[PDB]
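Colleague: First the structure, which I've put down as structure tokens, then a few questions once you've had a look.
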Amino acid sequence: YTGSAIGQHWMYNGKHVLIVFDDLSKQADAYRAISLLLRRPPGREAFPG
Amino acid sequence: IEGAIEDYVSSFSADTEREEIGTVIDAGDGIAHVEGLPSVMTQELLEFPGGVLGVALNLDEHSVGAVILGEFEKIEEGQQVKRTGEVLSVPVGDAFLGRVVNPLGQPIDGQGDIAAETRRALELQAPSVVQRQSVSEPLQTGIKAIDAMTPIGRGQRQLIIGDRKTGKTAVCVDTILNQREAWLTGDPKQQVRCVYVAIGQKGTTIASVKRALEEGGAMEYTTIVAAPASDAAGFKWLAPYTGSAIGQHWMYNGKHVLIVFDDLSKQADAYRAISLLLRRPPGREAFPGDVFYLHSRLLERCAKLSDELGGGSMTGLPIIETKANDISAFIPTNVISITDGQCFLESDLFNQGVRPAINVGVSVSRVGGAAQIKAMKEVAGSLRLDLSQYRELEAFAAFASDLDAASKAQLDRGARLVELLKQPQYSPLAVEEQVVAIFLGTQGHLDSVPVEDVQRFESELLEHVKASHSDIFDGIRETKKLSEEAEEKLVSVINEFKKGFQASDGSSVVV
Amino acid sequence: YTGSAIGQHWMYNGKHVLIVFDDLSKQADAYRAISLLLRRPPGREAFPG
Amino acid sequence: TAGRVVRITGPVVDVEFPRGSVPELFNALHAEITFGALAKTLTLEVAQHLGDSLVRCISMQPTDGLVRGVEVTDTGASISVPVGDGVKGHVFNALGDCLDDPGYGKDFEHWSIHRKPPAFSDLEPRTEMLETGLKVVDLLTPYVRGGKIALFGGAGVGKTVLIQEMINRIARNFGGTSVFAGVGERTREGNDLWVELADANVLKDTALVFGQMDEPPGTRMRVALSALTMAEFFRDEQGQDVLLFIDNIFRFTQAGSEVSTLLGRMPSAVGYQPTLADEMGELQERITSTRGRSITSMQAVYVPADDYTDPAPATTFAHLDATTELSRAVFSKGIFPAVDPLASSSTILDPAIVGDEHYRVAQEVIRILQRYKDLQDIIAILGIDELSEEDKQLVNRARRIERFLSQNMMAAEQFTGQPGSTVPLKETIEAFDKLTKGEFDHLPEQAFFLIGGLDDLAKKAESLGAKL
Amino acid sequence: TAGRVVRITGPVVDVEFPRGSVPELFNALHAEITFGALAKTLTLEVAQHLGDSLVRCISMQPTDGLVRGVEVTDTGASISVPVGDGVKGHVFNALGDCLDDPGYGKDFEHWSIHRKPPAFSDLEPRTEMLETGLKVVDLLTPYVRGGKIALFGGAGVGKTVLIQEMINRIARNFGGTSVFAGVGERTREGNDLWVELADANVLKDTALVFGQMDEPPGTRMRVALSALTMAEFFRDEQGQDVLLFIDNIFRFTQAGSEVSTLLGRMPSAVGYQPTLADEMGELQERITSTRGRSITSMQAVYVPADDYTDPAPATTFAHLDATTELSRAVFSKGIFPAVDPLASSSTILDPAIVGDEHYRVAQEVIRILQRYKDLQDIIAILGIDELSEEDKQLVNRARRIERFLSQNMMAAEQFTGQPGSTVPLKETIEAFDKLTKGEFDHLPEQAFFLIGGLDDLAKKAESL
Amino acid sequence: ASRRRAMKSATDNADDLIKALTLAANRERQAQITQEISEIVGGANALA
Ligand SMILES: Nc1ncnc2c1ncn2[C@@H]1O[C@H](COP(=O)(O)OP(=O)(O)OP(=O)(O)O)[C@@H](O)[C@H]1O
Ligand SMILES: Nc1ncnc2c1ncn2[C@@H]1O[C@H](COP(=O)(O)OP(=O)(O)O)[C@@H](O)[C@H]1O
Ligand SMILES: Nc1ncnc2c1ncn2[C@@H]1O[C@H](COP(=O)(O)OP(=O)(O)O)[C@@H](O)[C@H]1O
Ligand SMILES: [Mg+2]
Ligand SMILES: [Mg+2]
């Protein structure tokens with residue numbers, strides 16, 4: 001999201017941006033960790049809804 | 001029609017009575033928790049404002065968990081809930097023939113009221129182990145594959161299990177249609193009253209099924225209990241029990257009933273939804289610990305009663321939809337365990353032109369020959385071994401030169417028989433016609449016929465006999481056996497017809 | 001563990017001990033049963049971590 | 001009389017009201033986010049009554065910036081959307097707001113998006129072919145006018161290309177109204193469809209309702225209901241034929257399951273909500289034609305992970321009249337549309353409706369393809385030389401048939417750079433009858449790839465050095 | 001001192017008792033459903049002590065129509081079934097109630113269905129063979145006296161006739177009795193079995209205990225223990241050798257799983273109850289030989305998904321001593337009992353248990369039959385002409401052997417008027433030794449159908 | 001003769017392959033049931 005916001009600032013000012021996420025599976029794992037630590041009810045593979 | 005409403009208003013009246021009440025303490029997703037009602041029974045029918053109905057399933061010291069049977073969006077915290085002092089029950093009588101009703105027995109076809117002979121609770125116990133007698137009367141589905149390989153008797157529970165679009169509803173509708181001649185006979189010992197329970201089907205599918213039954217004149221003796229996809233989980237869960245209650249009212253009065261459940265997997269899903277919403281412990285596939293009990297208590301009410309109780313019977317035709325032909329799934333496993341036999345329908349057979357797509361290799365009927373007439377028993381004796389040997393030998397189809405005479409003959413006979421068991425949709429065959437066709441197949445009278453012609457030949461010959469030699473069918477029907485003289489006459493008729501017949505390729509079929 | 005303790009008493013007094021556990025698969029099943037009845041979250045093949 | 005926010009957890013908000021002011025289920029409530037960057041008005045749909053005057057609601061917009069204790073107002077009614085001929089030619093969101101012309105339609109008649117389905121007595125089965133011009137669809141999955149059509153398939157198999165193709169083929173000359181519901185799909189695809197409809201001049205007759213995959217779960221839950229409400233108005237009030245395009249209906253179920261555990265419901269099998277079948281049944285049963293009133297609906301159904309046994313597509317299957325099932329395996333062969341002819345089905349593919357010749361040719365094609373599927377593994381291991389002569393002939397025929405079921409679609413010109421084609425049904429039947437008889441066995445199978453009728457086949461065979 | 005219902009959730013009922021009156025675990029309690037349509041006396045089995053004087057119980061009957069606060073009476077003991085010779089010839093449910101004659105046996109001695117296995121000292125260290133008298137069973141798959149036999153077979157394979165045959169042999173040869181336990185019994189099939197046993201005139205030697213398909217999981221879980229308790233009384237008190245039939249044991253396992261799920265316990269691997277091994281062991285360890293008397297058990301086993309590694313069959317086979325598979329192929333040949341000599345097996349077919357002569361003869365028979373089975377496909381496809389001369393000789397010998405494994409059974413008399421035979425074990429061993437050696441290959445095949453020992457073989461050969 | 005021997009060998013190899021694949025499939029089926037139950041009960045416990 002930080003990278004997306006930095007790119008969006010340029011995007012909304014007529015620039016062309018290329019953003020690479022290496023890699024989103026790690027972000028999903030981190031978000032699952034956060035949700036489980038908050039005791040949010042898990043779903044498939046323990047991922048949040 | 002103003003007189004219609006005038007009659008109700010002039011007849012309408014209410015009287016105050018000491019009533020036990022509760023209050024909705026919460027509500028969500030079709031469930032409502034209501035405090036109070038200290039004397040409410042388990043499964044008691046409760047009434048919420050605006051004529052909304054619920055069933056008390058979950059009783060604890062704090063509140064009552066109630067499944068709302070419809071219009072749940074009208075439920076609101078603080079609303080007054082009244083108990084009825086009655087468990088779920090439905091009206092029953094002869095007036096339900098030809099009607100479409102919801103799981104409460106209320107007509108949904110827009111044809112007016114239904115005159116109920118009486119009322120029957122949905123949870124009345126099944127006939128005991130001493131109130132029954134052996135299943136010994138055929139229930140003719142009119143489908144050659146079933147009537148020959150997995151015969152169904154009256155009081156049996158024959159599961160129809162298969163993947164989607166394999167012809168399960170087609171088979172059940174063909175059975176119901178086949179009951180038409182028995183109905184026209186007028187004799188209650190031969191008549192079969194039909195109940196078709198539709199669970200979780202879209203309303204237009206139910207309308208199509210009703211249209212098909214109308215075409216064949218089956219709605220004169222058929223009742224439809226419909227719980228379409230838009231219905232509450234309560235109706236989907238209860239519909240099989242409503243149909244069973246109507247069937248039981250007929251069964252206990254000496255009648256014979258055929259009940260189709262299309263399909264019990266959707267009922268299991270509805271019950272699982274209810275149980276999960278009530279926070280009951282989930283097990284395998286999230287089903288509650290009593291889903292097997294659900295289906296088993298439903299299907300043990302299909303029985304053949306003893307003569308002390310009128311000798312009536314109810315035959316069950318539950319339908320199960322498997323996924324990827326996995327019959328070891330939880331609900332298929334349970335229902336297979338419960339029932340007396342199974343008809344396995346397969347997509348691969350269907351796409352091969354084998355219709356109905358019954359896998360005769362795995363399809364079984366534990367009742368077996370006891371549910372067949374003597375003639376069918378004679379002609380169908382060799383079919384099992386013939387087809388098993390054919391499936392053994394089919395790997396050698398292109399190598400008939402390499403096969404000894406016996407094996408090549410077995411392969412040809414197997415192909416002929418596989419073509420023989422094929423049947424068009426909506427075309428039930430009378431038992432005598434089935435006997436004659438199986439006789440053709442198993443007596444070597446199709447050997448001289450090309451494989452691709454067998455079907456037509458069969459059909460044409462059956463039309464020939466019925467037109468000119470109907471005495472054979474008479475004999476078979478009245479005596480329920482194929483006499484020696486009738487067999488000789490049938491052989492002569494077959495040979496003369498073969499003389500008259502012409503193959504698609506043009507070659508003669510004589511000798 | 002009872003067998004191991006009986007054997008260890010001898011092992012620590014200079015003796016040589018041979019202990020046979022017939023079989024540890026059934027001990028693992030029993031411990032899994034105990035853990036599940038304690039509502040301990042299961043892992044692979046429903047066995048406790 | 002106003003409530004206040006008690007708990008905020010993602011898209012689910014608990015609201016406490018004074019005794020006797022608790023809103024009815026599915027009522028629309030309003031809350032204010034005043035933080036400048038994200039200032040907005042949240043619409044919350046009452047999902048549950050929790051007791052003690054608390055209601056659990058699903059937010060239609062992201063709840064970031066929401067504060068505990070803020071006033072919550074009850075509109076006294078469900079979410080309602082504008083209805084009437086005015087909605088044609090305009091783009092809306094699930095809440096009824098016009099996107100191309102903000103403020104438009106505020107004065108129209110408004111209908112609640114929650115509605116009971118038609119009474120069972122008003123339902124009449126529909127049996128009438130809807131010719132499309134696609135060989136495979138017309139031969140093996142004939143579509144029903146006024147019936148329910150679905151396009152099943154996993155991600156990226158051609159569901160949306162086929163939806164756009166069917167828009168081109170059906171809505172381009174439709175005499176009634178079209179409603180397109182974009183349920184939880186890409187915003188780029190929505191913009192492309194809007195531009196394409198404007199260019200084709202079909203927009204004037206089409207109402208677009210968009211809830212994208214970036215919307216919170218509530219919007220993806222309710223956008224289908226909004227579009228369906230517009231369609232229901234056109235069916236029941238205007239009394240004209242309606243085309244309803246939904247893409248993707250699975251997103252409704254997915255959004256429902258996204259909030260199921262936050263709503264307090266114990267999960268069902270495969271992670272879905274316990275109420276999957278019931279919610280799907282209500283929504284789908286609203287999408288029907290009634291006696292004398294036609295809704296030809298076409299739904300794209302996403303199959304999670306290509307698993308056709310997944311509870312969502314498996315539950316959806318029961319609601320359809322015709323199902324074109326797209327396969328990843330067919331896709332990876334380059335065959336387009338990637339239809340699995342052995343797995344698709346149509347309720348009107350029987351001799352009574354489509355006719356003896358159509359049914360015969362379809363059954364023969366299916367039998368040949370099934371036999372080829374059976375022989376695939378043998379050909380892969382032991383080679384084709386070990387097959388019997390008739391099996392070799394059948395394999396050649398089946399390969400030509402599977403290639404010929406491929407077609408160059410107009411909506412695919414952006415990908416193949418090749419203009420599309422339209423094949424009349426009679427030509428399709430004749431061509432596949434010739435194929436099943438082996439009348440084209442002398443042509444290279446490459447001649448059958450991505451063409452139209454027999455004229456295109458002759459041209460391509462000439463280009464490859466053959467001749468029929 | 002009576003309790004009251006506090007919570008009802010399907011078959012699970014919570015009951016509150018005063019402080020000093022909390023029933024012990026597994027005690028039987030009686031509540032009343034008074035609603036006219038569904039009126040009944042409800043049996044609850046205490047499953048857990050929840051604390052605060054609350055007990056969680058499993059209803060043995062459907063709870064439909066039950067009300068909160070109704071009185072619950074503690075009976076002071078667990079489910080107790082009637083015992084004695086009087087239970088022979090009658091049908092009981094899992095609670096001991098007589099079904100063919102309600103109220104019958106209510107005055108008999110009653111035994112709790114929860115009993116321990118024989119003490120470690122009381123067990124017999126030596127496994128003993130149960131000489132049934134059937135040639136195939138005695139030779140190829142000998143049964144262990146006090147052991148467990150798995151039975152596999154579809155429909156129309158003589159499974160019921162085999163059960164009747166075993167009832168006959170245990171009643172006549174050993175002077176014993178039989179208890180049939182129908183776990184998850186189909187009501188139609190239970191009625192069929194009752195009528196058939198009455199017609200065979202073997203019902204007098206059998207006690208039937210049915211826990212039917214349409215009962216809550218508790219009765220299906222406890223019916224096996226009830227039947228086992230009747231058998232245990234016959235063994236320990238009457239000093240008889242008992243034969244206990246269980247059909248289906250897998251349904252006992254599945255009912256245990258259902259009860260465990262109903263009580264909120266977390267499922268173990270593949271969704272079975274966490275204590276699956278413990279429950280199966282508690283059931284099976286009670287079937288054994290103690291103090292010169294034995295309970296032998298023949299158990300129908302269902303294998304889920306045909307997966308023998310599935311936890312249910314995996315646990316059941318930890319206790320099975322022999323396996324008997326009934327084959328459609330053998331039955332179609334007219335060979336009765338339709339035992340599959342190749343698929344069937346016994347754990348005590350070892351020289352250390354049955355001796356070297358028996359082992360050698362059985363191994364030779366198995367070898368010959370396996371070779372014949374290998375040649376079966378050639379015979380079917382290319383015919384017997386392509387076979388070698390040694391192959392033809394072996395085929396003839398194997399056909400005669402496989403037909404001499406058939407026998408005229410006691411239960412088959414009512415079908416074929418001829419009475420049954422009881423071949424001594426040594427006679428069978430020597431006869432099959434001679435057959436394998438090739439001392440009867442000249443005799444016609446038909447002479448080997450449904451006969452006893454060598455004397456009957458000679459007589460039937462003379463008659464041809 | 002060598003073709004007969006080779007096809008016998010290939011049939012036995014296919015037998016072994018089918019056995020191993022069926023064992024693997026049964027293991028996967030059991031694991032899937034266990035994992036589904038794990039997710040269901042994990043969600044249920046989280047709700048409790
Ligand atoms: N004997 C038959 N001959 C030809 N077509 C048949 C036959 N039986 C069924 N069909 C066709 O097969 C298709 C599937 O039939 P049907 O809907 O009865 O099956 P199903 O398994 O109940 O399906 P679903 O999963 O949709 O409920 C329909 O087109 C039906 O017309
Ligand atoms: N008829 C076709 N011809 C060529 N390529 C196609 C065709 N249909 C789909 N594709 C390719 O497959 C992709 C997936 O199609 P689309 O329908 O957008 O995805 P989904 O099936 O997930 O909705 C397209 O973007 C296109 O590149
Ligand atoms: N020894 C035998 N002699 C004559 N008939 C037999 C014999 N064994 C079995 N049968 C026949 O085979 C059928 C087997 O059916 P049943 O006894 O119910 O066993 P299953 O449960 O395996 O079908 C019976 O109907 C019986 O007539
Ligand atoms: Mg159907
Ligand atoms: Mg798409």
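Residues are named by chain letter and number: chains run A, B, ... in the order of the structure tokens, numbers start at 1 in each chain, and ligands are numbered from 1 in the order shown.
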Output the contact residues of chain B with respect to chain D at a cut-off of 8 Å, based on only C-alpha atoms, as JSON, numbers by chain.

Modeller: {"B": [25, 26, 27, 28, 29, 73, 74, 75, 76, 77, 108, 109, 110, 165, 200, 201, 202, 203, 204, 205, 207, 208, 229, 230, 231, 232, 233, 269, 270, 272, 273, 274, 276, 277, 279, 285, 286, 323, 324, 348, 351, 352, 353, 398]}

Colleague: Taking only C-alpha atoms and all ligand atoms into account, which residues are within 6 Å of ligand 2, as a count of residues only?

Modeller: 13

Colleague: Which chain E residues are at most 8 Å from chain B (counting only C-alpha atoms), as a ChimeraX atom specification?

Modeller: /E:6-10,37-38,63-68,99-100,155-156,186-188,190-192,213-217,258-264,267,270-271,304-305,380-383

Colleague: DSSP on the backbone: which residues in region 67-308 of chain D end up as strand (DSSP E or B)? Give the answer as a VMD selection string.

Modeller: chain D and resid 71 to 78 80 to 83 91 to 93 98 109 to 112 129 to 130 143 to 144 148 to 153 177 to 183 206 to 211 242 to 247 290 293 295 to 302

Colleague: Could you list, as a PyMOL selection string, all the residues within 9 Å of ligand 1, counting only C-alpha atoms and all ligand atoms?

Modeller: (chain B and resi 143+161-173+201+205+262-263+319+321+345+350+353-357+422-427) or (chain D and resi 317-321+345-350)

Colleague: I'd like the superposed copy of chain C - fitted to chain A by least squares over all paired Cα atoms - as a PDB file with C-alpha atoms, in the first residue's frame.

Modeller:
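Listing of selection00.pdb after writing:
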```pdb
ATOM      1  CA  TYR C   1       0.131   0.112   0.119  1.00  0.00           C
ATOM      2  CA  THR C   2       3.078   2.449   0.673  1.00  0.00           C
ATOM      3  CA  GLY C   3       4.419   1.616  -2.771  1.00  0.00           C
ATOM      4  CA  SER C   4       0.962   2.032  -4.276  1.00  0.00           C
ATOM      5  CA  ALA C   5       0.547   5.453  -2.657  1.00  0.00           C
ATOM      6  CA  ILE C   6       3.946   6.626  -3.894  1.00  0.00           C
ATOM      7  CA  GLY C   7       3.020   5.431  -7.375  1.00  0.00           C
ATOM      8  CA  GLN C   8      -0.458   6.969  -7.246  1.00  0.00           C
ATOM      9  CA  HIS C   9       0.970  10.379  -6.418  1.00  0.00           C
ATOM     10  CA  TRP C  10       2.747  10.272  -9.783  1.00  0.00           C
ATOM     11  CA  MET C  11      -0.126   8.561 -11.604  1.00  0.00           C
ATOM     12  CA  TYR C  12      -2.483  11.392 -10.691  1.00  0.00           C
ATOM     13  CA  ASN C  13      -0.009  14.002 -11.988  1.00  0.00           C
ATOM     14  CA  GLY C  14      -0.050  12.624 -15.536  1.00  0.00           C
ATOM     15  CA  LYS C  15       2.945  10.315 -15.164  1.00  0.00           C
ATOM     16  CA  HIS C  16       3.162   6.637 -16.062  1.00  0.00           C
ATOM     17  CA  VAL C  17       4.116   4.296 -13.233  1.00  0.00           C
ATOM     18  CA  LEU C  18       5.181   0.660 -13.064  1.00  0.00           C
ATOM     19  CA  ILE C  19       4.843  -0.959  -9.638  1.00  0.00           C
ATOM     20  CA  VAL C  20       6.141  -4.420  -8.737  1.00  0.00           C
ATOM     21  CA  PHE C  21       4.958  -6.283  -5.629  1.00  0.00           C
ATOM     22  CA  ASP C  22       7.536  -8.986  -4.819  1.00  0.00           C
ATOM     23  CA  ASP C  23       5.592 -10.720  -3.540  1.00  0.00           C
ATOM     24  CA  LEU C  24       1.948 -10.629  -2.491  1.00  0.00           C
ATOM     25  CA  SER C  25       2.058 -14.155  -1.068  1.00  0.00           C
ATOM     26  CA  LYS C  26       4.207 -12.809   1.758  1.00  0.00           C
ATOM     27  CA  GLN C  27       1.869  -9.852   2.280  1.00  0.00           C
ATOM     28  CA  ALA C  28      -1.021 -12.301   2.526  1.00  0.00           C
ATOM     29  CA  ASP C  29       0.898 -14.340   5.096  1.00  0.00           C
ATOM     30  CA  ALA C  30       1.703 -11.200   7.101  1.00  0.00           C
ATOM     31  CA  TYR C  31      -1.917 -10.054   7.054  1.00  0.00           C
ATOM     32  CA  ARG C  32      -3.041 -13.524   8.120  1.00  0.00           C
ATOM     33  CA  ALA C  33      -0.587 -13.327  11.011  1.00  0.00           C
ATOM     34  CA  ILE C  34      -1.963  -9.938  12.047  1.00  0.00           C
ATOM     35  CA  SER C  35      -5.571 -11.123  11.797  1.00  0.00           C
ATOM     36  CA  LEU C  36      -4.898 -14.274  13.819  1.00  0.00           C
ATOM     37  CA  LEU C  37      -3.127 -12.233  16.490  1.00  0.00           C
ATOM     38  CA  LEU C  38      -6.285 -10.099  16.566  1.00  0.00           C
ATOM     39  CA  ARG C  39      -8.249 -13.355  17.011  1.00  0.00           C
ATOM     40  CA  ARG C  40     -10.262 -12.817  13.842  1.00  0.00           C
ATOM     41  CA  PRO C  41     -11.925 -16.122  12.864  1.00  0.00           C
ATOM     42  CA  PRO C  42      -9.931 -17.640   9.995  1.00  0.00           C
ATOM     43  CA  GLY C  43     -11.311 -19.119   6.811  1.00  0.00           C
ATOM     44  CA  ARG C  44      -9.769 -21.117   3.986  1.00  0.00           C
ATOM     45  CA  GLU C  45      -6.124 -22.074   4.602  1.00  0.00           C
ATOM     46  CA  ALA C  46      -6.371 -20.097   7.870  1.00  0.00           C
ATOM     47  CA  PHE C  47      -6.563 -16.846   5.902  1.00  0.00           C
ATOM     48  CA  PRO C  48      -8.990 -14.119   7.010  1.00  0.00           C
ATOM     49  CA  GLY C  49     -12.213 -13.614   5.113  1.00  0.00           C
TER      50      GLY C  49
END
```

Colleague: Give the residues close to ligand 5, within 12 Å, counting only C-alpha atoms and all ligand atoms; write them as a ChimeraX atom specification.

Modeller: /D:151-164,182-190,193,212-213,246-251,299-303

Colleague: Do you know which residues are at most 9 Å from residue 254 (chain D) counting only C-alpha atoms, after dropping those on the same chain fewer than 4 positions away, and could you put them as number ranges by chain?

Modeller: D: 217, 220-221, 250, 258, 272, 312

Colleague: Counting only C-alpha atoms and all ligand atoms, which protein, DNA or RNA residues come within 6 Å of ligand 3, given as a PyMOL selection string?

Modeller: chain E and resi 154-161+336+409+412+415

Colleague: Enter the distance from CA of residue 93 (chain E) to CA of residue 223 (chain E), in Å, rounded to one decimal.

Modeller: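 Between CA of residue 93 (chain E) and CA of residue 223 (chain E) the gap works out to 7.2 Å.
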
Colleague: Find the residues near residue 439 (chain D): any atom within 12 Å, counting only C-alpha atoms, skip ones fewer than 2 places away on the same chain, and give them as an NGL selection string.

Modeller: :D and (393 or 396-397 or 400-401 or 430-437 or 441-443 or 454 or 467-468)

Colleague: Could you give me the residues within chain A that DSSP places in alpha helix (DSSP H), as a count of residues only?

Modeller: 24
